[PDB]
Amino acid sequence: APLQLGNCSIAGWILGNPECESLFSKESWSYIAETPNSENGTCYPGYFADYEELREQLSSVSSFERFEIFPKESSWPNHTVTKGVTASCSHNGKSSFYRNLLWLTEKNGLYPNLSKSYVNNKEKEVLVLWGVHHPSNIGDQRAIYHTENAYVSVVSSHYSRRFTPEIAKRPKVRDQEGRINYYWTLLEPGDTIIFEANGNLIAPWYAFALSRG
(Lines of atoms letter the chains of each structure in order from A and count residues from 1; the text may use other names and numbers.)
(Lines give C-alpha, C1' and ligand atoms only; values in the text may rest on other atoms or scores of the structure.)
Protein backbone atom coordinates (compact mmCIF):
# COMPACT_ATOMS: atom_id res chain seq x y z
CA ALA A 1 0.00 0.00 0.00
CA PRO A 2 1.50 3.34 -1.09
CA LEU A 3 1.02 6.79 0.44
CA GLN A 4 0.23 9.07 -2.53
CA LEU A 5 1.62 12.44 -1.40
CA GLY A 6 0.69 14.19 -4.66
CA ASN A 7 2.41 17.55 -5.11
CA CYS A 8 4.06 17.23 -1.67
CA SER A 9 7.47 15.92 -0.65
CA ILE A 10 8.33 13.89 2.44
CA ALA A 11 9.78 16.90 4.26
CA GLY A 12 6.65 18.95 3.64
CA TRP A 13 4.28 16.15 4.64
CA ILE A 14 6.06 15.11 7.84
CA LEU A 15 6.46 18.74 8.97
CA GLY A 16 2.80 19.62 8.41
CA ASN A 17 2.82 21.96 5.45
CA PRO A 18 -0.49 23.89 5.32
CA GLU A 19 -0.87 22.92 1.65
CA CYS A 20 -0.01 19.25 2.32
CA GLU A 21 -2.15 18.13 5.29
CA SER A 22 -5.31 18.50 3.17
CA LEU A 23 -4.97 15.06 1.54
CA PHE A 24 -2.98 12.65 3.78
CA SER A 25 -4.32 10.35 6.52
CA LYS A 26 -3.12 6.71 6.55
CA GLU A 27 -1.76 4.23 9.09
CA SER A 28 -0.35 1.10 7.41
CA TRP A 29 1.44 1.89 4.14
CA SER A 30 4.50 0.53 2.32
CA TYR A 31 5.54 3.04 -0.40
CA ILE A 32 6.31 6.73 0.03
CA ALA A 33 8.33 7.78 -3.03
CA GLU A 34 6.17 10.58 -4.44
CA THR A 35 8.16 13.81 -4.78
CA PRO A 36 11.90 14.40 -4.20
CA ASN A 37 13.36 17.22 -2.12
CA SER A 38 12.84 20.74 -3.46
CA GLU A 39 14.27 24.01 -2.20
CA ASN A 40 10.60 25.10 -2.11
CA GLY A 41 9.46 21.78 -0.62
CA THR A 42 9.27 23.23 2.89
CA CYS A 43 7.14 26.36 3.17
CA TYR A 44 9.93 28.04 5.15
CA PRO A 45 13.42 27.81 3.60
CA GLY A 46 15.96 25.71 5.45
CA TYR A 47 17.99 22.52 5.42
CA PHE A 48 16.38 19.19 6.34
CA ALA A 49 18.95 17.04 8.13
CA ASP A 50 19.36 13.34 7.29
CA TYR A 51 16.61 13.52 4.68
CA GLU A 52 17.57 10.33 2.83
CA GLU A 53 17.85 8.46 6.13
CA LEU A 54 14.33 9.57 7.11
CA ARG A 55 13.05 8.22 3.79
CA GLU A 56 14.42 4.79 4.73
CA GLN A 57 12.97 4.80 8.25
CA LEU A 58 9.49 5.71 6.98
CA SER A 59 9.55 2.79 4.52
CA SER A 60 6.95 0.05 5.15
CA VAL A 61 5.40 1.57 8.27
CA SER A 62 2.90 -0.85 9.79
CA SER A 63 1.40 1.53 12.38
CA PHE A 64 1.17 5.32 12.29
CA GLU A 65 -0.23 7.63 14.97
CA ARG A 66 0.03 11.42 15.16
CA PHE A 67 -0.18 12.75 18.72
CA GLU A 68 0.38 16.06 20.51
CA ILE A 69 3.76 15.56 22.18
CA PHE A 70 3.76 19.13 23.54
CA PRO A 71 0.29 20.68 23.95
CA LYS A 72 0.36 24.16 22.43
CA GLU A 73 -1.92 25.71 25.06
CA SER A 74 -0.32 23.95 28.04
CA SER A 75 3.44 23.44 27.53
CA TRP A 76 4.68 27.05 27.11
CA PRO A 77 2.99 29.30 29.70
CA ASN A 78 5.90 31.78 29.73
CA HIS A 79 6.12 32.13 25.93
CA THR A 80 3.87 33.26 23.10
CA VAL A 81 2.37 30.48 20.97
CA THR A 82 0.10 32.61 18.76
CA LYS A 83 2.57 34.85 16.90
CA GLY A 84 4.59 32.12 15.18
CA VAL A 85 3.00 32.64 11.77
CA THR A 86 4.54 33.78 8.51
CA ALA A 87 3.47 34.60 4.96
CA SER A 88 5.77 31.92 3.51
CA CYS A 89 3.49 29.27 5.06
CA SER A 90 0.21 30.92 4.07
CA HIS A 91 -3.03 28.92 4.18
CA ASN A 92 -6.21 30.15 2.44
CA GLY A 93 -4.72 33.63 2.16
CA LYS A 94 -3.75 33.94 5.85
CA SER A 95 -0.28 33.58 7.36
CA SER A 96 0.09 30.19 9.04
CA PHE A 97 2.85 27.73 9.97
CA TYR A 98 3.63 24.01 10.12
CA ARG A 99 0.85 21.86 11.54
CA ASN A 100 3.36 19.76 13.52
CA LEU A 101 5.77 22.50 14.69
CA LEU A 102 5.35 25.49 17.00
CA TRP A 103 7.31 28.72 16.56
CA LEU A 104 7.75 30.08 20.09
CA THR A 105 8.41 33.79 20.66
CA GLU A 106 8.98 36.11 23.59
CA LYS A 107 6.25 37.18 26.02
CA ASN A 108 5.98 40.54 27.82
CA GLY A 109 9.53 41.52 26.88
CA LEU A 110 11.19 38.30 28.07
CA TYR A 111 12.14 34.88 26.69
CA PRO A 112 12.74 32.84 29.85
CA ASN A 113 14.98 29.78 29.83
CA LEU A 114 12.66 26.95 28.81
CA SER A 115 13.14 23.26 29.62
CA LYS A 116 10.59 20.74 28.33
CA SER A 117 11.11 16.98 28.54
CA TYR A 118 8.98 14.08 27.31
CA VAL A 119 9.02 10.41 28.34
CA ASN A 120 8.12 7.91 25.60
CA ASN A 121 5.33 5.72 27.02
CA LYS A 122 3.74 4.69 23.70
CA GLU A 123 5.63 1.35 23.49
CA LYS A 124 6.66 2.33 19.94
CA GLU A 125 9.42 4.31 18.24
CA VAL A 126 8.44 7.99 18.40
CA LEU A 127 9.69 10.24 15.59
CA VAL A 128 10.38 13.72 17.00
CA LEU A 129 11.05 16.67 14.70
CA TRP A 130 11.99 20.25 15.54
CA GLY A 131 13.56 23.34 14.05
CA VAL A 132 16.09 26.05 14.83
CA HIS A 133 15.61 29.58 13.50
CA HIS A 134 18.57 31.32 11.82
CA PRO A 135 17.43 34.97 11.54
CA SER A 136 18.45 37.30 8.71
CA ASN A 137 19.57 40.21 10.90
CA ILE A 138 20.31 41.03 14.51
CA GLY A 139 17.18 43.20 14.72
CA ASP A 140 14.97 40.15 14.14
CA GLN A 141 16.97 38.15 16.70
CA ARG A 142 16.53 40.82 19.37
CA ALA A 143 12.84 41.38 18.59
CA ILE A 144 11.68 37.75 18.77
CA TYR A 145 14.05 36.30 21.40
CA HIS A 146 15.75 39.31 23.08
CA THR A 147 18.91 37.33 23.81
CA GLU A 148 21.74 37.51 21.27
CA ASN A 149 23.67 34.48 22.59
CA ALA A 150 20.96 31.97 21.71
CA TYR A 151 21.39 28.23 22.13
CA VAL A 152 19.11 25.22 21.62
CA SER A 153 20.04 21.92 23.31
CA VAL A 154 18.30 18.60 22.55
CA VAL A 155 19.49 15.58 24.56
CA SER A 156 18.23 11.99 24.55
CA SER A 157 19.83 8.54 24.75
CA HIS A 158 20.28 8.51 20.96
CA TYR A 159 20.59 12.26 20.29
CA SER A 160 22.68 15.01 21.87
CA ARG A 161 23.45 18.31 20.15
CA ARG A 162 23.79 21.96 21.15
CA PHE A 163 22.70 24.32 18.37
CA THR A 164 23.94 27.92 18.15
CA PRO A 165 21.95 29.78 15.47
CA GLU A 166 23.97 32.21 13.39
CA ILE A 167 22.62 35.47 11.97
CA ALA A 168 23.11 35.11 8.20
CA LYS A 169 21.64 37.21 5.39
CA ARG A 170 20.99 34.56 2.71
CA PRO A 171 19.48 34.84 -0.77
CA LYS A 172 15.73 35.47 -0.74
CA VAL A 173 13.95 32.10 -0.90
CA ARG A 174 10.15 32.16 -0.64
CA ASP A 175 10.33 35.84 0.42
CA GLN A 176 12.63 34.88 3.28
CA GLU A 177 16.24 35.86 3.74
CA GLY A 178 16.44 33.82 6.97
CA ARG A 179 16.21 30.07 7.50
CA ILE A 180 14.86 27.38 9.80
CA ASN A 181 16.92 24.18 9.83
CA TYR A 182 14.97 20.99 10.56
CA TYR A 183 16.24 18.08 12.65
CA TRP A 184 14.78 14.77 13.79
CA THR A 185 15.50 11.72 15.92
CA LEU A 186 13.87 8.40 16.83
CA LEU A 187 12.97 8.25 20.52
CA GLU A 188 13.28 4.79 22.05
CA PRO A 189 10.35 3.42 24.08
CA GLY A 190 10.96 4.41 27.69
CA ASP A 191 13.58 7.02 26.79
CA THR A 192 13.39 10.73 27.67
CA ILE A 193 14.17 13.65 25.34
CA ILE A 194 14.89 17.08 26.85
CA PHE A 195 14.49 20.39 24.99
CA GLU A 196 16.30 23.40 26.47
CA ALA A 197 16.74 26.81 24.89
CA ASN A 198 16.72 30.56 25.35
CA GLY A 199 15.60 31.43 21.81
CA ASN A 200 15.26 30.33 18.19
CA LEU A 201 13.58 27.03 19.13
CA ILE A 202 10.91 25.80 16.70
CA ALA A 203 9.45 23.45 19.29
CA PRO A 204 7.76 20.15 18.40
CA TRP A 205 3.96 20.19 18.44
CA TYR A 206 2.91 16.78 17.12
CA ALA A 207 5.05 13.63 16.96
CA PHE A 208 4.65 10.22 15.33
CA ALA A 209 4.61 6.86 17.10
CA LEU A 210 5.35 4.30 14.39
CA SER A 211 6.25 0.67 13.76
CA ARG A 212 7.92 -0.76 10.65
CA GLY A 213 6.96 -4.41 11.19
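Residue numbers here begin at 1 and follow the sequence given.
- The stretch 91 to 99 shows the higher mean C-alpha B-factor when 133 to 141 is compared against 91 to 99 in the entry.
- Mean C-alpha B-factor is higher over 23 to 31 than over the other stretch, the pair under comparison being 60 to 68 and 23 to 31.
- The residue among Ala197, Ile10, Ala203, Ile193 whose C-alpha carries the highest B-factor in the deposited model is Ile10.
- Residue-level temperature factors show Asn37 in the highest third of its chain, judged at the C-alpha atom.
- Among the modelled residues of the chain, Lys169 sits in the middle third by CA temperature factor in this PDB entry.
- Placement of the Cα temperature factor of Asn149 within the chain: highest third of the modelled residues, per the deposited record.
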